[PDB]
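# Structural overview for review
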Amino acid sequence: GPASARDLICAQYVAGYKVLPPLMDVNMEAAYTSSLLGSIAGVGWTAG
Amino acid sequence: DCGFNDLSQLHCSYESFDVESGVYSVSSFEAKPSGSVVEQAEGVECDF
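Residues numbered from 1 in each chain as written, not as in the entry; some residues may be left out. Chains lettered and ligands numbered in written order. Part of a larger assembly, values for the part shown. Heavy atoms only, no water.

Structure determination for this PDB entry was carried out by cryo-EM, with a resolution of 2.49 Å recorded in the header.

Right under this line is the structure:
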């Protein structure tokens, strides 16, 4: 049934409009932030 | 002819036989009714 009262996701199917998934999955996005966290100490020591 | 297939619908919507490479949403497939249900109260009987 509806997940919530006036559920948007169930409403989308009845109307026929669909919400497309994002360009990058959560795991890939997490990997980008994890690599950035590791490089933070090293990058800010010298110019370039 | 748009009716035969989804690729044909895409060609009709764009109005070009040659379409640039892309992902394009087209009219959603619509569920078709397999039956007709009518409900009305039925009451009272003639007495012999």
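## Some remarks on the overall build of chain A
From N to C terminus, chain A includes two helices and zero strands. Each of the three principal axes of chain A carries a C-alpha extent, and together these read 55 × 20 × 15 Å. Here chain A holds 48 residues, and the buried ones make up 4% of them. Taken as a whole, chain A presents about 4,500 Å² of accessible surface, with 70% of it coming from carbon and sulfur. (Helix = DSSP H or I, 4+ residues; strand = E, 2+ residues; numbered from the N terminus. Buried < 20%, exposed > 50% of the residue type's maximum accessible area, 1.4 Å probe, protein only. Areas by Shrake-Rupley, 256 points an atom, 1.4 Å probe, with all protein chains shown as cover.)

## Focus: the state of the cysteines
Residues and elements named next belong to chain B. Following the criterion strictly, the structure yields one disulfide over all chains and no others. Sulfur-sulfur distance for the disulfide between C2 and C12 comes to 2.0 Å. Between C2 and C12 the sulfur-sulfur dihedral comes to about -90°; the bridge is accordingly left-handed. Pair noted here: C2 is in the segment before α1 (6–14) and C12 is in helix α1, with a separation of ten residues, a long-range link. (Disulfide = S-S within 2.5 Å.)

## Concerning the side chain of A:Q12
Inspection of the secondary structure assignment puts A:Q12 in helix α1 (residues 8–15). On the basis of relative accessible area, A:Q12 is assigned to the buried category, the value being 7%.

## Section: α1(A)
Between a side-chain oxygen at the N-terminus of α1(A) and the backbone nitrogen of A:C10 the separation is 3.3 Å; the capping residue is A:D7. Phi turns positive one or two residues past the end of α1(A), at A:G16, with a value near 100°. (Polar contact = N/O pair within 3.5 Å; in protein donor to acceptor, adjacent residues only side chain to side chain.)

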